[PDB]
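Quick look at start05.json (JSON, N, CA and C atoms):
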```json
[["chain", "number", "residue", "atom", "x", "y", "z"],
["S", 1, "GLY", "N", 86.24, 125.84, 107.65],
["S", 1, "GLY", "CA", 86.50, 124.92, 108.76],
["S", 1, "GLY", "C", 85.40, 125.03, 109.82],
["S", 2, "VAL", "N", 84.41, 124.13, 109.75],
["S", 2, "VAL", "CA", 83.29, 124.12, 110.72],
["S", 2, "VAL", "C", 83.16, 122.75, 111.42],
["S", 3, "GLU", "N", 84.26, 122.31, 112.01],
["S", 3, "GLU", "CA", 84.28, 121.04, 112.77],
["S", 3, "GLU", "C", 85.22, 121.20, 113.98],
["S", 4, "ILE", "N", 84.85, 121.97, 115.00],
["S", 4, "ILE", "CA", 85.78, 122.16, 116.15],
["S", 4, "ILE", "C", 85.34, 121.32, 117.38],
["S", 5, "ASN", "N", 84.52, 120.28, 117.20],
["S", 5, "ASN", "CA", 83.96, 119.54, 118.35],
["S", 5, "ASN", "C", 83.17, 118.27, 117.95],
["S", 6, "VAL", "N", 83.16, 117.30, 118.87],
["S", 6, "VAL", "CA", 82.34, 116.08, 118.71],
["S", 6, "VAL", "C", 81.64, 115.75, 120.06],
["S", 7, "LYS", "N", 80.96, 116.76, 120.62],
["S", 7, "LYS", "CA", 80.23, 116.66, 121.92],
["S", 7, "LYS", "C", 79.86, 118.09, 122.42],
["S", 8, "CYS", "N", 78.78, 118.68, 121.88],
["S", 8, "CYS", "CA", 78.32, 120.01, 122.34],
["S", 8, "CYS", "C", 76.86, 120.19, 121.89],
["S", 9, "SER", "N", 75.92, 119.82, 122.75],
["S", 9, "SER", "CA", 74.49, 120.00, 122.44],
["S", 9, "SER", "C", 73.98, 121.26, 123.17],
["S", 10, "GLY", "N", 74.47, 122.43, 122.75],
["S", 10, "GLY", "CA", 74.01, 123.70, 123.31],
["S", 10, "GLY", "C", 73.04, 124.18, 122.23],
["S", 11, "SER", "N", 71.83, 123.61, 122.29],
["S", 11, "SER", "CA", 70.75, 123.86, 121.31],
["S", 11, "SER", "C", 70.67, 125.35, 120.88],
["S", 12, "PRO", "N", 69.99, 126.39, 121.40],
["S", 12, "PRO", "CA", 70.17, 127.76, 120.84],
["S", 12, "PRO", "C", 71.61, 128.28, 121.06],
["S", 13, "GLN", "N", 72.37, 127.90, 120.04],
["S", 13, "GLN", "CA", 73.82, 128.07, 119.85],
["S", 13, "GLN", "C", 74.20, 127.18, 118.65],
["S", 14, "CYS", "N", 73.78, 125.91, 118.66],
["S", 14, "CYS", "CA", 73.97, 124.99, 117.54],
["S", 14, "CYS", "C", 72.60, 124.96, 116.79],
["S", 15, "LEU", "N", 71.59, 124.54, 117.56],
["S", 15, "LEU", "CA", 70.23, 124.39, 117.09],
["S", 15, "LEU", "C", 69.58, 125.71, 116.70],
["S", 16, "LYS", "N", 69.89, 126.92, 117.21],
["S", 16, "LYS", "CA", 69.15, 128.10, 116.67],
["S", 16, "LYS", "C", 69.41, 128.16, 115.13],
["S", 17, "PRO", "N", 70.62, 128.34, 114.57],
["S", 17, "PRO", "CA", 70.78, 128.25, 113.10],
["S", 17, "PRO", "C", 70.42, 126.85, 112.51],
["S", 18, "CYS", "N", 70.61, 125.71, 113.22],
["S", 18, "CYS", "CA", 70.14, 124.40, 112.72],
["S", 18, "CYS", "C", 68.80, 124.02, 113.42],
["S", 19, "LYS", "N", 67.81, 124.93, 113.42],
["S", 19, "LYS", "CA", 66.45, 124.62, 113.98],
["S", 19, "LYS", "C", 65.65, 123.92, 112.84],
["S", 20, "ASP", "N", 66.31, 122.87, 112.36],
["S", 20, "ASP", "CA", 65.90, 122.08, 111.20],
["S", 20, "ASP", "C", 65.80, 120.56, 111.46],
["S", 21, "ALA", "N", 66.80, 119.90, 112.08],
["S", 21, "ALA", "CA", 66.76, 118.43, 112.27],
["S", 21, "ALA", "C", 66.84, 118.00, 113.76],
["S", 22, "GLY", "N", 68.04, 117.74, 114.30],
["S", 22, "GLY", "CA", 68.21, 117.30, 115.69],
["S", 22, "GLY", "C", 69.10, 118.29, 116.41],
["S", 23, "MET", "N", 69.50, 117.94, 117.62],
["S", 23, "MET", "CA", 70.34, 118.85, 118.41],
["S", 23, "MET", "C", 71.86, 118.62, 118.25],
["S", 24, "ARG", "N", 72.34, 117.41, 117.94],
["S", 24, "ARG", "CA", 73.81, 117.22, 117.87],
["S", 24, "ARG", "C", 74.35, 116.01, 117.06],
["S", 25, "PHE", "N", 75.66, 116.20, 116.88],
["S", 25, "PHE", "CA", 76.67, 115.28, 116.32],
["S", 25, "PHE", "C", 78.06, 116.02, 116.39],
["S", 26, "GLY", "N", 78.12, 117.36, 116.20],
["S", 26, "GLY", "CA", 79.39, 118.11, 116.30],
["S", 26, "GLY", "C", 79.21, 119.65, 116.36],
["S", 27, "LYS", "N", 80.00, 120.27, 117.26],
["S", 27, "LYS", "CA", 80.09, 121.74, 117.55],
["S", 27, "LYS", "C", 78.78, 122.54, 117.69],
["S", 28, "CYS", "N", 78.93, 123.67, 118.40],
["S", 28, "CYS", "CA", 77.86, 124.65, 118.66],
["S", 28, "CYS", "C", 78.47, 126.05, 118.47],
["S", 29, "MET", "N", 78.16, 126.70, 117.34],
["S", 29, "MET", "CA", 78.68, 128.07, 117.00],
["S", 29, "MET", "C", 80.06, 127.93, 116.32],
["S", 30, "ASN", "N", 80.15, 128.52, 115.12],
["S", 30, "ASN", "CA", 81.29, 128.34, 114.17],
["S", 30, "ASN", "C", 80.61, 127.24, 113.31],
["S", 31, "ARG", "N", 80.43, 126.08, 113.96],
["S", 31, "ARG", "CA", 79.63, 125.00, 113.45],
["S", 31, "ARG", "C", 78.38, 125.09, 114.33],
["S", 32, "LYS", "N", 77.26, 125.31, 113.67],
["S", 32, "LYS", "CA", 75.93, 125.40, 114.31],
["S", 32, "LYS", "C", 75.58, 123.95, 114.01],
["S", 33, "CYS", "N", 75.25, 123.21, 115.07],
["S", 33, "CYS", "CA", 75.43, 121.73, 115.01],
["S", 33, "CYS", "C", 75.26, 120.95, 113.69],
["S", 34, "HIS", "N", 75.96, 119.79, 113.72],
["S", 34, "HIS", "CA", 75.88, 118.79, 112.64],
["S", 34, "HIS", "C", 74.79, 118.01, 113.38],
["S", 35, "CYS", "N", 73.56, 118.31, 112.99],
["S", 35, "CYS", "CA", 72.39, 117.85, 113.74],
["S", 35, "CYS", "C", 71.85, 116.52, 113.21],
["S", 36, "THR", "N", 72.55, 115.47, 113.66],
["S", 36, "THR", "CA", 72.18, 114.08, 113.30],
["S", 36, "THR", "C", 72.33, 113.24, 114.59],
["S", 37, "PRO", "N", 71.34, 113.16, 115.50],
["S", 37, "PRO", "CA", 71.48, 112.42, 116.76],
["S", 37, "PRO", "C", 71.13, 110.93, 116.58]]
```
Could you show the structure in this file as structure tokens?
Amino acid sequence: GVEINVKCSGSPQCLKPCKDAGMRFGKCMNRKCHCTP
């Protein structure tokens, strides 16, 4: 279960493990963002 949010662009928190595409679409930590802006 890695979908606890649909509004959290806390980049090194979501983006540190997803330092691959964009900064957001869903959750930061637990879910390291669904990085599709």
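If you look at atom N of residue S:25 and atom N of residue S:1, they are 17.0 Å away from each other.
Going from atom N of residue S:28 over to atom C of residue S:16, you cover 11.0 Å.
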#### Entry: Contact residues around residue S:36 with only C-alpha atoms at 7 Å, ignoring same-chain residues under 2 positions, as a list in words
residues 22, 24, 25 and 34 of chain S
With N, CA and C atoms kept, could you save the residues just selected as a PDB file, keeping the file's coordinate frame?
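Ended up saving to out_34.pdb:
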```pdb
ATOM      1  N   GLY S  22      68.040 117.740 114.300  1.00  0.00           N
ATOM      2  CA  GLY S  22      68.210 117.300 115.690  1.00  0.00           C
ATOM      3  C   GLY S  22      69.100 118.290 116.410  1.00  0.00           C
ATOM      4  N   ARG S  24      72.340 117.410 117.940  1.00  0.00           N
ATOM      5  CA  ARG S  24      73.810 117.220 117.870  1.00  0.00           C
ATOM      6  C   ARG S  24      74.350 116.010 117.060  1.00  0.00           C
ATOM      7  N   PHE S  25      75.660 116.200 116.880  1.00  0.00           N
ATOM      8  CA  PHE S  25      76.670 115.280 116.320  1.00  0.00           C
ATOM      9  C   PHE S  25      78.060 116.020 116.390  1.00  0.00           C
ATOM     10  N   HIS S  34      75.960 119.790 113.720  1.00  0.00           N
ATOM     11  CA  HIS S  34      75.880 118.790 112.640  1.00  0.00           C
ATOM     12  C   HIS S  34      74.790 118.010 113.380  1.00  0.00           C
TER      13      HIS S  34
END
```
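All protein and nucleic acid residues in the vicinity of (74.6, 125.3, 113.6), that is within 6.5 Å when counting all atoms listed in the file, are residues 13, 14, 15, 16, 17, 18, 27, 28, 29, 30, 31, 32, 33 and 34 of chain S.
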Could you write out that same residue set with N, CA and C atoms as a tab-separated table (two decimals), in the frame of the given file?
```tsv
chain	number	residue	atom	x	y	z
S	13	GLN	N	72.37	127.90	120.04
S	13	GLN	CA	73.82	128.07	119.85
S	13	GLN	C	74.20	127.18	118.65
S	14	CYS	N	73.78	125.91	118.66
S	14	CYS	CA	73.97	124.99	117.54
S	14	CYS	C	72.60	124.96	116.79
S	15	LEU	N	71.59	124.54	117.56
S	15	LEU	CA	70.23	124.39	117.09
S	15	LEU	C	69.58	125.71	116.70
S	16	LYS	N	69.89	126.92	117.21
S	16	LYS	CA	69.15	128.10	116.67
S	16	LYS	C	69.41	128.16	115.13
S	17	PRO	N	70.62	128.34	114.57
S	17	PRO	CA	70.78	128.25	113.10
S	17	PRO	C	70.42	126.85	112.51
S	18	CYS	N	70.61	125.71	113.22
S	18	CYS	CA	70.14	124.40	112.72
S	18	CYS	C	68.80	124.02	113.42
S	27	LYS	N	80.00	120.27	117.26
S	27	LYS	CA	80.09	121.74	117.55
S	27	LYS	C	78.78	122.54	117.69
S	28	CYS	N	78.93	123.67	118.40
S	28	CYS	CA	77.86	124.65	118.66
S	28	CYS	C	78.47	126.05	118.47
S	29	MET	N	78.16	126.70	117.34
S	29	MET	CA	78.68	128.07	117.00
S	29	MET	C	80.06	127.93	116.32
S	30	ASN	N	80.15	128.52	115.12
S	30	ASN	CA	81.29	128.34	114.17
S	30	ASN	C	80.61	127.24	113.31
S	31	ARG	N	80.43	126.08	113.96
S	31	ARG	CA	79.63	125.00	113.45
S	31	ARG	C	78.38	125.09	114.33
S	32	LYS	N	77.26	125.31	113.67
S	32	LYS	CA	75.93	125.40	114.31
S	32	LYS	C	75.58	123.95	114.01
S	33	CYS	N	75.25	123.21	115.07
S	33	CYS	CA	75.43	121.73	115.01
S	33	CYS	C	75.26	120.95	113.69
S	34	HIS	N	75.96	119.79	113.72
S	34	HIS	CA	75.88	118.79	112.64
S	34	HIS	C	74.79	118.01	113.38
```
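For chain S, a DSSP pass over the backbone yields alpha helix (DSSP H) at residues 11, 12, 13 and 14 of chain S.
When atom N of residue S:23 is paired with atom C of residue S:8, their separation reads 8.8 Å.
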Assuming 5 Å of padding per side, give the centre and edge lengths of the axis-aligned box around every listed atom of stretch 11-29 of chain S, in Å to one decimal and as lines of an AutoDock Vina configuration file.
```
center_x = 72.9
center_y = 121.8
center_z = 116.7
size_x = 24.4
size_y = 23.1
size_z = 21.1
```
